[PDB]
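Student: For reference, this is structure.txt, and it has compact mmCIF, C-alpha atoms.
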# COMPACT_ATOMS: atom_id res chain seq x y z
CA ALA A 1 3.75 8.70 -6.22
CA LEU A 2 3.55 12.51 -5.51
CA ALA A 3 3.32 12.63 -1.65
CA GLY A 4 5.73 14.94 0.28
CA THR A 5 6.24 17.41 -2.67
CA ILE A 6 4.78 20.53 -4.48
CA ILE A 7 2.89 20.81 -7.85
CA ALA A 8 0.75 23.28 -9.92
CA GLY A 9 -2.51 24.08 -7.99
CA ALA A 10 -4.28 24.57 -11.38
CA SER A 11 -4.04 20.72 -11.80
CA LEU A 12 -4.78 19.81 -8.08
CA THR A 13 -8.20 18.01 -7.67
CA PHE A 14 -9.80 15.19 -5.50
CA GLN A 15 -8.73 12.53 -8.10
CA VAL A 16 -5.06 13.72 -7.65
CA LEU A 17 -5.28 13.55 -3.81
CA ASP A 18 -6.49 9.93 -4.19
CA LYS A 19 -3.79 9.11 -6.86
CA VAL A 20 -1.05 10.43 -4.49
CA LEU A 21 -2.19 8.30 -1.47
CA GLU A 22 -2.86 5.29 -3.82
CA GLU A 23 0.62 5.19 -5.48
CA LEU A 24 2.40 6.05 -2.13
CA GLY A 25 1.41 2.67 -0.60
CA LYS A 26 -1.90 3.15 1.33
CA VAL A 27 -1.99 0.94 4.46
CA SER A 28 -4.91 0.12 6.91
CA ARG A 29 -5.22 3.92 7.64
CA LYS A 30 -3.82 6.98 5.75
CA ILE A 31 -4.81 10.52 4.53
CA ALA A 32 -4.14 12.93 1.59
CA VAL A 33 -3.34 16.63 2.39
CA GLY A 34 -3.23 19.46 -0.20
CA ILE A 35 -3.04 23.26 0.47
CA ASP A 36 -3.58 25.35 -2.70
CA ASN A 37 -1.81 28.77 -2.64
CA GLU A 38 -4.19 31.10 -4.60
CA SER A 39 -3.61 34.30 -2.44
CA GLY A 40 -1.04 35.97 -4.80
CA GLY A 41 2.41 35.53 -3.05
CA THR A 42 5.02 32.85 -2.12
CA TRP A 43 4.74 30.83 1.16
CA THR A 44 7.22 29.02 3.48
CA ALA A 45 6.25 25.72 5.17
CA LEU A 46 7.73 26.16 8.72
CA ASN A 47 7.90 22.42 9.66
CA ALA A 48 5.83 19.23 10.31
CA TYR A 49 5.66 17.20 13.57
CA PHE A 50 4.19 13.65 13.79
CA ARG A 51 2.31 13.42 17.17
CA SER A 52 1.06 9.81 16.53
CA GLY A 53 1.58 7.09 13.85
CA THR A 54 4.40 7.25 11.23
CA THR A 55 4.84 8.49 7.63
CA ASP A 56 7.24 7.52 4.78
CA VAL A 57 7.25 11.13 3.31
CA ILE A 58 8.59 14.66 4.11
CA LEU A 59 6.93 18.13 3.91
CA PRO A 60 8.58 20.80 1.62
CA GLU A 61 9.97 24.18 2.90
CA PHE A 62 8.97 26.55 -0.01
CA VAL A 63 5.49 26.77 -1.67
CA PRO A 64 5.26 29.56 -4.35
CA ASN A 65 1.90 31.03 -5.49
CA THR A 66 -0.22 29.09 -8.11
CA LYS A 67 1.28 25.86 -6.56
CA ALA A 68 0.12 23.50 -3.77
CA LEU A 69 1.95 21.02 -1.50
CA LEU A 70 1.25 17.28 -0.96
CA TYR A 71 1.45 15.42 2.40
CA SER A 72 0.14 12.17 4.04
CA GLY A 73 -0.30 10.50 7.50
CA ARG A 74 -0.44 6.67 8.14
CA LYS A 75 -0.96 4.35 11.19
CA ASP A 76 2.59 3.27 12.25
CA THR A 77 4.26 0.45 10.13
CA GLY A 78 0.76 -1.03 9.34
CA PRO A 79 0.13 -4.10 11.64
CA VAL A 80 -0.10 -1.70 14.71
CA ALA A 81 -3.28 0.27 15.57
CA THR A 82 -2.08 3.22 17.76
CA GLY A 83 -3.22 6.43 15.94
CA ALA A 84 -2.31 8.85 13.12
CA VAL A 85 -1.94 12.54 14.21
CA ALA A 86 0.41 15.33 13.03
CA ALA A 87 0.59 19.12 12.94
CA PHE A 88 2.37 21.69 10.74
CA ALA A 89 2.42 25.45 9.98
CA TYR A 90 2.66 27.62 6.81
CA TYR A 91 4.12 31.15 6.68
CA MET A 92 2.16 33.37 4.23
CA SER A 93 3.82 35.96 1.90
CA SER A 94 2.48 38.76 4.21
CA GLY A 95 4.26 37.30 7.33
CA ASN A 96 1.19 35.58 8.91
CA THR A 97 0.92 31.86 9.90
CA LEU A 98 -1.81 29.25 9.37
CA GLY A 99 -1.87 26.29 11.82
CA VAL A 100 -2.91 22.91 10.33
CA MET A 101 -3.29 19.49 12.00
CA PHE A 102 -4.89 16.06 11.42
CA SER A 103 -6.29 13.39 13.77
CA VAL A 104 -7.23 9.86 12.61
CA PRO A 105 -8.41 7.53 15.45
CA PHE A 106 -8.51 3.70 15.36
CA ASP A 107 -12.23 3.16 16.13
CA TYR A 108 -14.81 3.74 13.28
CA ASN A 109 -18.12 3.61 15.32
CA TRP A 110 -16.48 4.45 18.74
CA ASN A 111 -14.43 7.62 17.78
CA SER A 112 -14.24 10.29 14.94
CA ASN A 113 -11.58 12.18 12.89
CA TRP A 114 -10.50 15.78 13.80
CA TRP A 115 -8.71 18.78 12.15
CA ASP A 116 -8.41 22.61 12.56
CA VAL A 117 -7.27 25.42 10.14
CA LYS A 118 -7.05 29.17 11.05
CA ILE A 119 -5.04 32.16 9.63
CA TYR A 120 -3.49 34.44 12.34
CA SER A 121 -1.04 37.42 12.11
CA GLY A 122 2.17 36.02 13.68
CA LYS A 123 4.73 33.13 13.92
CA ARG A 124 3.88 29.76 15.63
CA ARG A 125 4.60 25.97 15.31
CA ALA A 126 3.08 22.70 16.61
CA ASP A 127 5.10 22.39 19.89
CA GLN A 128 2.53 22.00 22.73
CA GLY A 129 0.15 25.01 23.20
CA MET A 130 -0.28 25.64 19.41
CA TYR A 131 -1.30 22.01 18.61
CA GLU A 132 -3.64 22.14 21.67
CA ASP A 133 -5.18 25.52 20.55
CA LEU A 134 -6.11 23.66 17.28
CA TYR A 135 -7.15 20.15 18.57
CA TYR A 136 -8.87 21.30 21.84
CA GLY A 137 -9.92 24.71 20.33
CA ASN A 138 -12.66 23.82 17.76
CA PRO A 139 -12.08 20.88 15.35
CA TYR A 140 -14.33 20.51 12.24
CA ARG A 141 -14.78 16.65 12.83
CA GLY A 142 -14.66 16.00 9.03
CA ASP A 143 -18.31 17.06 8.39
CA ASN A 144 -18.02 15.59 4.78
CA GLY A 145 -18.94 18.93 3.04
CA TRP A 146 -17.13 22.11 1.85
CA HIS A 147 -16.61 24.34 4.96
CA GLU A 148 -15.45 27.98 4.56
CA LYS A 149 -15.82 31.09 6.85
CA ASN A 150 -14.56 34.66 6.33
CA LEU A 151 -11.96 35.37 9.10
CA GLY A 152 -8.80 36.79 7.35
CA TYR A 153 -10.75 40.09 6.66
CA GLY A 154 -10.49 39.32 2.87
CA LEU A 155 -9.31 35.69 2.34
CA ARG A 156 -10.25 32.36 4.03
CA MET A 157 -9.77 28.58 4.04
CA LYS A 158 -12.19 26.33 2.07
CA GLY A 159 -11.83 22.61 2.81
CA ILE A 160 -13.47 19.18 3.23
CA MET A 161 -12.66 16.00 5.21
CA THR A 162 -14.76 12.87 6.05
CA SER A 163 -15.44 11.07 9.39
CA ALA A 164 -13.52 7.97 8.12
CA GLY A 165 -10.00 6.46 8.53
CA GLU A 166 -9.15 7.02 4.80
CA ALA A 167 -10.27 10.69 4.48
CA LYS A 168 -9.05 13.35 1.94
CA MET A 169 -8.08 16.85 3.25
CA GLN A 170 -7.78 19.81 0.82
CA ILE A 171 -7.52 23.54 1.78
CA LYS A 172 -8.32 26.03 -1.05
CA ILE A 173 -7.15 29.50 0.10
CA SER A 174 -9.13 32.23 -1.76
CA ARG A 175 -10.60 35.80 -1.52
Could you write out this structure as C-alpha cells?

Tutor:
Amino acid sequence: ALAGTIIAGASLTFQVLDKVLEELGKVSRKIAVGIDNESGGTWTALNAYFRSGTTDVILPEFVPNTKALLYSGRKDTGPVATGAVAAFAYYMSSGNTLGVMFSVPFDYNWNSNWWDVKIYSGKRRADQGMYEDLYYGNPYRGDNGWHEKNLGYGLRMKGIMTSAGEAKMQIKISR
C-alpha cells in the first residue's frame, strides 16, 4: 500500500493510482488522489479535513518538486452508506494556494460525484467558506475526460475523474 504518502511523479500513472487504492483495502466506495508537482519548486500541504465518510490514511505536510502525494477517501467503516467527502489545500513554492476537494455520493443513478481545483494567490483552508467556494462554486462532475484550462497566467491543473463511486482523481500541474 502507498496511500497517505509521497513518491516520484516520474513514476506516477493511472495503474499506480489503482494499485494504491487496491492494496490499501478498497471497500464499497473509495477514491485515489494524486497531485504531481511539475512547476519547478517545493510545496507544503496545509492540511486535510474529512467532511463525510472516514479514511484509514493521513496526508503529508511537505511535497518537493518532481514528486507527487497520494491520498484516498472511503465510505465510513464499510457497512454504512452515509457519504465520502473531504477537502484539503496545497501551498505552492511561490506562496499561492490551490484548493482541492472530493465528493462521492451513495446513489449511482440518483446522484453524481463532484470536485473542484483552482490556483489562487493567497492562503486558505477547507473551514466553511473555502470548501463552499469549491463545492457550490463550479464542480467538474467527473466528466470522464482530461480537463485543463489556462488560469494561473502560465501554469494550470490537468485532471480527470469519473461519475462513479470508485473514481480515480489525478492533477498534473504543468506550464

Student: Go through A:21, A:57, A:31, A:46 and flag the residue nearest residue 161 in chain A, using only C-alpha atoms for the distances.

Tutor: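 Between A:21, A:57, A:31, A:46, the residue approaching residue 161 in chain A most closely is A:31.
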
Student: Quick one: residues within 7 Å of (1.5, 31.0, -0.9) (file frame), counting only C-alpha atoms, please, as a ChimeraX atom specification.

Tutor: /A:37-43,63-65,92-93

Student: Between CA of residue 60 in chain A and CA of residue 145 in chain A, measure the distance and give it in Å to one decimal.

Tutor: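 CA of residue 145 in chain A lies at a distance of 27.6 Å from CA of residue 60 in chain A.
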
Student: Which residue out of A:156, A:149, A:141, A:75 has the minimum interatomic distance to residue 113 in chain A when only C-alpha atoms are used?

Tutor: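 Checking each of A:156, A:149, A:141, A:75 against residue 113 in chain A, counting only C-alpha atoms, the winner is A:141.
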
Student: For each of A:89, A:117, A:3, A:10, take the minimum atom-to-atom distance to residue 70 in chain A, counting only C-alpha atoms, then give the residue where this is smallest.

Tutor: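 Smallest distance to residue 70 in chain A is found for A:3.
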
Student: What's around range 167-171 of chain A at 8 Å? Count only C-alpha atoms, leave out sequence neighbours fewer than 2 positions away in its own chain, and write the answer as a ChimeraX atom specification.

Tutor: /A:14,17-18,30-36,157-165,173
